[PDB]
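Report on the structure given below.
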Amino acid sequence: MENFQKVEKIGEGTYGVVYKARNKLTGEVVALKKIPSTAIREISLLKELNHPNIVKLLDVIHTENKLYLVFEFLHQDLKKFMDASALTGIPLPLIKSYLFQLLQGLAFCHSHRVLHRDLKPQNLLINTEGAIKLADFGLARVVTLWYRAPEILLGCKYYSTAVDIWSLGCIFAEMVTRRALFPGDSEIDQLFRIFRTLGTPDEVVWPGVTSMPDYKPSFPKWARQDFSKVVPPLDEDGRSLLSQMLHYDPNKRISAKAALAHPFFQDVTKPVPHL
Ligand SMILES: CC(=O)NS(=O)(=O)c1ccc(N/C=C2\C(=O)Nc3ccc4ncsc4c32)cc1
């Protein structure tokens, strides 16, 4: 760590604090994250999980029982860009570009059996060229519950890649409407917000749901809402895609690879954002 000079704190993340830092032996500006043999080996697998839409893990430094991760630095996160764009809205072509790029990133991770597990606007980083990148991919193997898939909330311990599709669908809806889709402030508030919008799940729409660990037969039974009410003014292609990303049954939920082939992306482009 004597090779790095901290510049500024850029995040109080889930796995540790992140700093903007300067590498004295190359002049490189990086994101330095200050965090057992199992962890060293899993984190070393992530050094090879390289893709243009995944924030690059430059180095892993284990010293004095402390673990530091050296990452590529990007100047803004999607949380800030959404806040800066709240009065006007992110233009649809840019929403579409960001969603497309994030699906490419997830399709890549998922093809290597790597899950993110905690997608949220705070760990989606953007640059001036129009790129968006996923940060903290693989580290999971007040914390926000807003983007949590219902199977996690219902106690599934062996959840799948579908959890990341759910989170990304929540983020897509939030870019379009300029408001979080399900801003729960407890696990039950989170689950009940999901149920009030998408209907209380049952054995018809989600076979096996009633036998999940935290499922309660006493859950209130809410009727489902139309997506035309939930994400106006998103067009029919976008609503169709979103509905497939928010299917209750993780097995029915669209995969990242199938989402990339959805007609919503027929006219996708790569606009440059106003930062
Ligand atoms: C500074 C602030 O609060 N918001 S911001 O200006 O929008 C802003 C600016 C810069 C950043 N970078 C964040 C990171 C970065 O560059 N690589 C990583 C790698 C891992 C990682 N795990 C959590 S975060 C993060 C970053 C974020 C926000």
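Any read-out appearing in this document is the output of simple, stated calculations on the displayed coordinates, not a laboratory observation. When we count neighbours, we look across all protein chains shown, and the Cβ atoms used for this are built from the backbone with ideal geometry, even at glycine.
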Sorted on mean Cβ neighbours within 10 Å (highest first), peptides 100-108, 69-77 come out as 100-108, 69-77
Residue-normalised 222 nm signal for the chain, counting each DSSP H run of n ≥ 4 as -39,500 (n - 2.57), nearest 500 deg cm²/dmol, is -9500 deg cm²/dmol
Diffing region 71-88: the Karplus 3J(HN,Hα) column from phi (6.51, -1.76, 1.60, θ = phi - 60°), in whole Hz with x for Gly and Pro, holds 10, 4, 9, 10, 7, 8, 10, 5, 4, 5, 5, 5, 5, 5, 9, 5, 6, 9
Given unit charges at Cβ for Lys, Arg (+) and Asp, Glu (-), the dipole magnitude of region 76-275 about its Cα centre in debye, nearest 20, is 140
For the table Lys33/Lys270; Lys80/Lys157; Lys133/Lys257; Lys120/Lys257, the rows whose alpha-carbon distance is greater than 25 Å are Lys33/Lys270; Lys80/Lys157
Short to long, in 10 Å steps from zero, the percent of alpha-carbon pairs of the chain per bin is 6, 28, 34, 22, 8, 1, 0
Given the candidates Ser44, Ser211, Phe195, the one whose Cα lies deepest towards the positive end of the charge dipole of the chain, counting +1 at each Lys or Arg C-beta and -1 at each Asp or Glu C-beta, is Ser44
Placing +1 on each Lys and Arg Cβ and -1 on each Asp and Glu Cβ in the chain, then taking the dipole about the Cα centre, the residue among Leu69, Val268, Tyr158 whose Cα reaches farthest towards the positive end is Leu69
The answer for the net charge of residues other than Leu125 whose Cβ lies under 14 angstrom from its Cβ, with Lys and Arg +1 and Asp and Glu -1, is +3
So, for the Cα atoms of region 1-75, Rg and Dmax in Å stand at 12.1, 33
Spelling it out for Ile10: with amide H atoms placed in the peptide plane at 1.01 Å from N, the residues 5 or more places away or on another chain with amide H under 5 Å from its amide H are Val18, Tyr19, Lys20
Packing-ranked peptide list from 183-193, 203-213, 123-133, highest mean Cβ count within 10 angstrom first, is 123-133, 183-193, 203-213
Packing-ranked peptide list from 14-20, 238-244, 162-168, highest mean Cβ count within 10 angstrom first, is 162-168, 238-244, 14-20
